[PDB]
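In the form deposited in one PDB entry, a lone chain appears below as structure tokens.
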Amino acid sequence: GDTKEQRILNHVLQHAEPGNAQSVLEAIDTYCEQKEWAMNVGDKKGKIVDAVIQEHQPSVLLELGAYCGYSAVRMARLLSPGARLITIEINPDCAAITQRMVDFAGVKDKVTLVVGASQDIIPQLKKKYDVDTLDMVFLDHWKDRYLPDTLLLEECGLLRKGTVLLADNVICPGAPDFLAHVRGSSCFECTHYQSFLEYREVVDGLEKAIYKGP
């Protein structure tokens, strides 16, 4: 047998142009639109993600929740040389697929995949992964981790003035306690981007929360 994630990877390996990141993204989106839905950020919201990367030019980017590597590829393809994306994924099998997806897309030099929980890995980023501070963080893992991982990042001293937090799904499935914290707090400048749930007409949005310092 096989899983949906293997089926998404199979489709890419069989239909996308090796080494072409845009091709990989289109192959994934077309499969998911036409065959089976999957929780990739997708093309519509992906464009908003692209604009934030192009606007902030992060050199150290952290991703929470990699899944099949769609957003990893989507973001890594826009990064300058020497820039690095660190992506954390709790599921080893998804991490295996993400790694292959990133290899096939031609952006493996930009990506550092870590297998483990965000809450476990975040306190190790300075000692084990040579991070000083993060330039940007994409939050797209289980929504109940959004707030406590944000607080962890802050407490571990990983945020600096101008650090960009970008969170998917803040409307659907939703991340209300995260939104309340960053929107109510004097330590964050927030912007909401309304859009649509990936592959659907259900309304969703992302939240951009710029850390203003402690």
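The numbering used is simple: start at 1 and walk along the sequence shown. For the two forms, the rigid core is made up of the largest set of C-alpha atoms that agree within 1.5 Å on superposition. Residues that one form lacks are left out of the comparison.
FYI, the form deposited in another entry isn't displayed, but the following is about it.
Asker: Which single residue of 44, 56, 160, 181, after superposing the core, moves its CA by 2 Å or more between the shown form and the other one?
Answerer: With the rigid core fitted, the residue that moves is 44.
Asker: If we fit on the core, is the Cα of residue 28 displaced 2 Å or more between the shown form and the other one?
Answerer: Yes, its C-alpha moves 2 Å or more.
Asker: Residue 13: after superposing the rigid core, is there a C-alpha shift of 2 Å or more between the shown form and the other one?
Answerer: Yes; residue 13 is a residue whose C-alpha shifts (by 2 Å or more) between the shown form and the other one when the cores are overlaid.
Asker: Look at residue 200 and decide if its Cα position differs by 2 Å or more between the shown form and the other one after superposing on the rigid core.
Answerer: Residue 200 C-alpha, core-superposed: shift of 2 Å or more.
Asker: Could you tell me whether residue 109 and residue 208 have their C-alpha atoms closer or farther apart in the other form than in the shown form, knowing the shift is 3 angstroms or more?
Answerer: Farther: residue 109 and residue 208 separate by 3 Å or more in the other form.
Asker: Quick one: residue 74 and residue 8 C-alpha atoms, closer or farther in the other form compared with this form (3 angstroms or more)?
Answerer: Note: Cα gap between residue 74 and residue 8 widens in the other form.
Asker: Once the rigid core is overlaid, which residue runs, three or more long, move by 2 Å or more at each CA between the shown form and the other one?
Answerer: Residues 2 to 44, 199 to 214 form the runs that move by 2 Å or more between the shown form and the other one.
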